[PDB]
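Laid out below as structure tokens are two forms of one and the same protein chain, each shown alone and named structure 1 and structure 2.
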Structure 1
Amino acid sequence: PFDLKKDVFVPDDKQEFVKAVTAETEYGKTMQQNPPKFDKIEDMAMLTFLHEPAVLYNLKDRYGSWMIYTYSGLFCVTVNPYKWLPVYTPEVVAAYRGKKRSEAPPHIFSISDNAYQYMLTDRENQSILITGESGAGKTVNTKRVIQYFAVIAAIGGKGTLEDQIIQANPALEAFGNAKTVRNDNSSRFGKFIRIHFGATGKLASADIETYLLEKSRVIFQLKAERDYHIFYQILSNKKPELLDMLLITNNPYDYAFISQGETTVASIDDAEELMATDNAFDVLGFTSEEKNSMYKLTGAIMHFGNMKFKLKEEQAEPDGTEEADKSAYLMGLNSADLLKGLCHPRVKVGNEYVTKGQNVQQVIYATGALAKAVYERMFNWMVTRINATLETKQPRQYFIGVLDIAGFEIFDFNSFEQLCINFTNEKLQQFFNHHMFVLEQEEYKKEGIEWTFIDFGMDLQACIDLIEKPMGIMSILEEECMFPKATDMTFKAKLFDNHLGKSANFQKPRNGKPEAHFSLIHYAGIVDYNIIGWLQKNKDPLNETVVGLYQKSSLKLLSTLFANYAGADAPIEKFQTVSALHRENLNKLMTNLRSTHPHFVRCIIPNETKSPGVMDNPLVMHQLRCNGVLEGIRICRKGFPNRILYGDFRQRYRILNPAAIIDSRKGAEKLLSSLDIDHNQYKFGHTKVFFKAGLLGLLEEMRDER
């Protein structure tokens, strides 16, 4: 039943919008709805009415029938079903091969296949960029893109390249993923995977690049969160030989470094996951000495935390050598030299040395710091090793990169790690804004198309400039290190003096919950940051006397993790910080993505309680707004999303009317007027015919008939 004029969408203070400027709703109490033909539409740029509730309800409609993918113009939107669906089967993978976007339902498999098609067709590198906040579905979709390519390639101990490519994700997940409030399997690092293809489309090889790992997790947890998965998988006891080799109990609560918050997760079987983790290292080519060395280092990290200290000026001395000895043998170090290094670190006196002193607070920091450094270097080594076996040295030509970054998050306590994660999210959103709204309209101008630049309001340059540009939050932090008389409050005072009242995205902390020092107006919300410990987190210093012992370790792995160590430069007669390298890497990635054809996949978390099928309209609308889904749909409708080179237009559509044809542009003008179409649905460019939304599909329908 449908009444074109009285069926409207009206606002609501609890449900955002409701089905129904004065009328009463379907329930009782006191923007046009789309017809029943556009129910569960596969592409929302084809809806007659385009507004916030038209898109919200179409997504909701499809979500109710477990259709978690929907095209929204030139890109795609996905809503986390929070449950398994029979839409990722090998049978499905095969059917999607070679199909045009409109010839199959919306799917991540269709994005992957079309990215493959554009690569070989245009002779151009591609990229698949998955956005969304913590627990939206970026990693799940990243794994399905890889699955699609690996299954397609497979058509034609250690396994084949296709098997290795798939297993690289569960191998890295044990060490780099952990349970946070928002996600039981949160990626605590970003990763860009490039899948290389030869000149004719053969999957040649692959590589992975990881971006900043949350080191703090290794030695610190908040009430509602766990440390990295790996620790609990080892303690599961499904492989009891590991507990004997690592010299450990089966109780996480016996290890402070890993038992500060939660220890078991309802959705994760830690026992089955240890086997999956181990099987991946096997399939990836990891030797037993390699696997055991990695397990041994993880074990040494656990004992390292239980090491107690005491007073002997305040000087620290070991409060029991029990835990240091266990750590030292797993690491291949002499226990006495380790504790002497931690308590009395060397100072170079030219060719001699004098030891400086430490107190139990200083040694406690250095101990935590080294356990983080080892963990970070182990993760970087695992990636290097995965890349080493993934390198096939087979002929390559193009690549399809896939970006799975750590999602936007807000915790009750936000620190340095959150600012780095959320900063990347702001940057990736701005990548989308620039590509969709700035470059797109500049193409129309380049091609001599009649057009008036539209302002979509999509521009986060103010917040990005606030964080990265000189005298920004990172620049202030970078200066405040390598200034020993600088404290947490000199950094706070410098941030406020430069940005309070001067930067719109820098506000006083809103603030029961933990104490915050400043607020930041991010693209998806105001985040209250706590600046305590930022100067030390950014400088990341290490006890170089203990690092020296690590380089001389009897374990090959520990000595290789520290072989190329940037030991503090020699003094002269009179360095790269964390944030500095992170910005450098983020800009390196953004410029690299500019040299590819991007394919945006926008993930939407439907509810805060990980409930399948439950859609919370205020949370969904917040995401669709800050993502720019409506803005991104309008540029598809209001512009010309499809454009064909005059040559290609005659090579393909000459069959529609051979009477029309000997010029490239002139011939194309004759062909188009000769057909029964709206002659306003297209424009003529310098080198391409620009088509309005949908006209390409109409001509392609007519081409398939004859």
Structure 2
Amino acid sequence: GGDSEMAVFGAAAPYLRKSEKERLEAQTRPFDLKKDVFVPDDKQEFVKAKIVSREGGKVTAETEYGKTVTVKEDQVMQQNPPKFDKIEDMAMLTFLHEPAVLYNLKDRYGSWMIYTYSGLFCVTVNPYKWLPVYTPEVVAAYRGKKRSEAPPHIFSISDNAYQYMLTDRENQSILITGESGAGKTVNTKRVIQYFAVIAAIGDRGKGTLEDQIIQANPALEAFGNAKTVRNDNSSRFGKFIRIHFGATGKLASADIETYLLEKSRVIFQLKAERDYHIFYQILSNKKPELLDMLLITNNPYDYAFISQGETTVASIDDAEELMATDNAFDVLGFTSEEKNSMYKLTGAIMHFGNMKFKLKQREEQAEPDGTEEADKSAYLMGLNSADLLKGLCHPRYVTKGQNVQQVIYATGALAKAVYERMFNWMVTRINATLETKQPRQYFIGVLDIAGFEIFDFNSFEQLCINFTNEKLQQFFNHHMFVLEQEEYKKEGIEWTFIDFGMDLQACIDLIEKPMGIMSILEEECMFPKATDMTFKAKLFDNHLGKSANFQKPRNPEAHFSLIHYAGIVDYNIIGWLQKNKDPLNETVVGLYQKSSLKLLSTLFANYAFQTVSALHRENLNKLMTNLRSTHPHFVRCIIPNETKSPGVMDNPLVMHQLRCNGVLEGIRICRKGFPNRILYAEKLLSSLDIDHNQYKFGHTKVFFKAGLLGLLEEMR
């Protein structure tokens, strides 16, 4: 029958492509081109409306949601015909404005169809519901197929990447970005799982490389993931996995790079948030020997660093995860000594935050107020209690005093530093397991980081990640430019414009260049006299006249605006110097270096310097060099709502993501050329009062400037 092309997907079909019956019925639905449109809306960005009247200047209409609106004609936007309902590749739409895109994804999502292409982009909308589309039957059905030969699916990106690698003898890249809760990690896991399922086996820790690559997740997640408002299993670090292959797709090796762990979370949680999972995994009591080994109770509320917000989360069984974490470490080849050391240090951070301090009666100086929790920290860290507390009270050379606030601050900074270093070391250790003697030719790199971030409060962390997405969006634009070029060249159309990647340089230069934002930040970090306001003066003095992308802040207090590709972002500048330098109590670091616990010693052997900014620049450069040696593939994750509600879509929220993630950006840059291209000659066009500069003739197709087809199918 008409659906025979879908038969191989079995029960997954209703979630991949709607049947031919539904297709032809949708096509007969009542549709007047002139009446059925999109207009702007206050509460819900855009809304499908039916035109009731014209003014001669304005238009009034009947809103979906049952309202009457009066708008300027300029604001009215045409709907795509029923022919285009739930289209699989949105580049094939006649009208490619904001509403057209939003509604095509909304109609797919309403129908439980989670995957859509938009030129190069695979777009994924979080279902918040398990769908039967990740079965062996679906895997079998994607093997060796081209994009156009199967409905949209994350499996298509995976299989094609693997196939491109073998066919073109070339590194591949899968960039999976989006907001917190969008689905980045779910899709990342599917992609890795897919390679492990299909990759060839190469010549002969525990089990197989496939086992080990996958078991890397439960290990990182315990220490790097946490409950946030947005996401029960939020990744609080960016991740880049290169899976290496040999000649015929033999799984050869893998390596993991992690970026910008959230040190703050170690010691602080907002009302509705938790610390990293591991703390609650250990406290679940599932492994009773750990409470005794860590000198700890089962009550998170006994521990100040980890109980400032939430403690439990219904979706997570912390006890089962502890066994998941521990198993992972076993599979990954970690020794008892190595596992116990990380548990000990986790426990030590727990006790560290319970050290209380008081003022000397006749002095403005801090002393310990009880020392039991200090004793437990020192024993676990292989340190001397007295030395530790001496160090914290009287940092040493010349000897400085400390009030309680200073010691409490120093305590928190040290705990964060220890946690961060442990996480890095763990990643380094997993890399040792994943290293093999097997021969490599190519890799496929999978990137899982948060996309572009515009919050109510934007600080240093936001600048860093927004800087990354600028380079990633440029990377996309450049790739898009090369493809559009090959295409105009192949079909024989002389086209001219500057590299699409260049459109992002001015912003990047402002951030990246010598005497740019990062450089000014790092130069100020050299001066002990420098302050937040001296830093803010220095940026302004260098840029407010000179760099168009640097502006006054629009009126939570912000200090300057950056014009990014994704919009104008206001930045708060308080604390950037400290964030960047991360000064520690050197006397206590000296003790860490001399610890009887091998791990602690290791974590501080190589110690200041390198600022957060310069480390970020070093990592981003490495990333970009890898990605540039690569055929890239682009996966855009979208979160549909704030309430975890399956099949429900908030329009302004999806619209915000589309503006920030490249989907609208890609549409915009293709608009510079001739986006609509249809296969068949020149006499018919020359026989119309139509604007003659709006079209060009190619070998296979005729190329149209956007809006010609709009006026062509209209006349039809």
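Start at 1 and count along the sequence of structure 1; that gives the residue numbers used here. Between two forms, the rigid core is defined as the largest C-alpha subset superposing within 1.5 Å.
- Core-superposed comparison between structures 1 and 2: among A388, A224, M489, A276, the single residue whose C-alpha moves by 2 Å or more is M489.
- If you fit the rigid core between structures 1 and 2, you'll see the Cα of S288 move by less than 2 angstroms.
- The two forms, fitted on the rigid core, differ between structures 1 and 2 by less than 2 Å at the CA of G320.
- Residue displacement note: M302 has its CA displaced by under 2 Å between structures 1 and 2 (rigid core superposed).
- Core-superposed comparison between structures 1 and 2: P105 shows a Cα shift of 3.8 Å.
- On a core-based overlay, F49 has a Cα shift of 6.9 Å between structures 1 and 2.
- Superposed on the rigid core, the forms differ at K539: its CA is offset by 1.7 Å between structures 1 and 2.
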